[PDB]
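So the structure is just underneath, and the comments pick up after that.
Methodologically, a virtual Cβ is constructed for each residue, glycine included, from the backbone with ideal geometry; neighbour enumeration extends over all protein chains shown. Computed from the coordinates by the stated procedures, all read-outs in this text should not be read as laboratory data.
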Amino acid sequence: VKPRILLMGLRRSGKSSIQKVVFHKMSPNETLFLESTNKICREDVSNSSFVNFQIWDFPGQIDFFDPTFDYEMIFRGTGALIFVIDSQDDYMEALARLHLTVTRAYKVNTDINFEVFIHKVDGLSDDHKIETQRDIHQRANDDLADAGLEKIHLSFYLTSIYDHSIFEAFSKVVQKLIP
Ligand SMILES: Nc1nc2c(ncn2[C@@H]2O[C@H](COP(=O)(O)OP(=O)(O)NP(=O)(O)O)[C@@H](O)[C@H]2O)c(=O)[nH]1
Ligand SMILES: [Mg+2]
């Protein structure tokens with residue numbers, strides 16, 4: 001089996017940058033040249049001296065009807081779902097889509113590891129970080145409870161492509177997919 005890791009979230013949250021930086025060692029400064037993602041981009045990690053994975057980079061979530069992705073088929077084969085959130089922008093909508101994403105996925109596969117990347121933290125005071133994470137952690141788990149889905153576990157990470165934090169976070173995600 002080849003474990004799948006999904007990169008989801010609203011447009012511009014930094015999904016593609018994360019993929020390029022972490023797996024293609026693209027420089028963080030080069031990500032300024034990336035363009036909006038229009039189709040899902042699958043990039044596999046094969047023959048790993050640790051563990052092989054499929055990395056799916058999704059275009060940002062928008063209210064556009066297109067029942068062509070067969071999400072049940074995607075989630076069924078998913079090991080980890082990373083929801084990326086831009087911490088330097090309003091995230092109320094981000095939280096709302098995280099809720100729909102997580103619950104829809106959980107309905108198909110309860111073994112999915114849900115990882116929340118509170119991204120672009122490089123632009124926050126080393127305290128504003130604590131508050132943002134505390135706020136996202138609180139609301140997200142509160143939404144889950146209001147739905148009777150408190151059992152769904154959400155891990156949170158403070159990340160930035162401008163330092164080791166994004167690698168440290170991705171590392172912990174991959175570790176959890178190695179039996
Ligand atoms: N400050 C900061 N900027 C970041 C970080 N990660 C990405 N960015 C910036 O955010 C921009 C948008 O990133 P991008 O990867 O295109 O976002 P995306 O979610 O893939 N967008 P879409 O969903 O439209 O394809 C990048 O061009 C980059 O300059 C980060 O850790 N910190
Ligand atoms: Mg993208």
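Would you check if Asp135 is in a helix (DSSP H, G or I) and either surrounded by 12 or more Cβ atoms within 10 Å (Cβ to Cβ) or within 16 Å of ligand 2 (Cβ to nearest atom) (or both)?
Answer is yes for this residue.
Among the candidates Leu177, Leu154, which residue alone is in contact (Cβ under 8 Å) with a residue 40 or more places away in the chain and in contact with a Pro (Cβ under 6 Å, 6 or more places away or on another chain)?
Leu177
For segment 82-98, what are the residues that are within 15 Å of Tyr157 (Cα to Cα) and within 16 Å of ligand 2 (Cβ to nearest atom)?
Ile82, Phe83, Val84, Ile85, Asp86
Determine if segment 156-165 includes at least one residue that is of a type outside the set (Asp, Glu) and surrounded by fewer than 12 Cβ atoms within 10 Å (Cβ to Cβ).
Yes, segment 156-165 contains at least one residue that is of a type outside the set (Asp, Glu) and surrounded by fewer than 12 Cβ atoms within 10 Å (Cβ to Cβ).
Can you name the residue in segment 11-62 that is of a type in the set (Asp, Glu) and within 10 Å of ligand 2 (Cβ to nearest atom) and is also surrounded by the fewest Cβ atoms within 10 Å (Cβ to Cβ) among such residues?
Restricting to residues being of a type in the set (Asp, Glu) and within 10 Å of ligand 2 (Cβ to nearest atom), the top hit is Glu35.
Does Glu115 satisfy the condition of being surrounded by 11 or more Cβ atoms within 10 Å (Cβ to Cβ), closer than 19 Å to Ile166 by Cα and acidic (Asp, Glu)?
Yes, satisfied.
Residue check, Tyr162 against (1) part of a loop (DSSP other than H, G, I, E, B); (2) of a type in the set (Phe, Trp, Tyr); (3) touching a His at 6+ places or on another chain (Cβ under 7 Å), all met but one. Which one?
That leaves (3) as the condition not met.
Check whether at least one residue in segment 94-104 is surrounded by 17 or more Cβ atoms within 10 Å (Cβ to Cβ), away from ligand 1 (no atom under 12 Å from the Cβ), within 18 Å of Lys176 (Cα to Cα) and within 15 Å of the chain's Cα centre (by Cα), and report yes or no.
The answer is yes; a qualifying residue exists.
Are there any pairs with C-beta distances below 6 angstrom linking a residue in segment 95-113 that is in contact (Cβ under 8 Å) with a residue 60 or more places away in the chain to a residue that is polar (S, T, N, Q), with the two at least 6 apart or on different chains, and if so which?
Going by the 6 Å Cβ cut-off, the qualifying pairs are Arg97/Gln61.
Among the residues of segment 11-26, count how many are part of a loop (DSSP other than H, G, I, E, B) and free of Cβ contacts under 8 Å to residues at least 24 places away in the same chain.
So the answer is 2.
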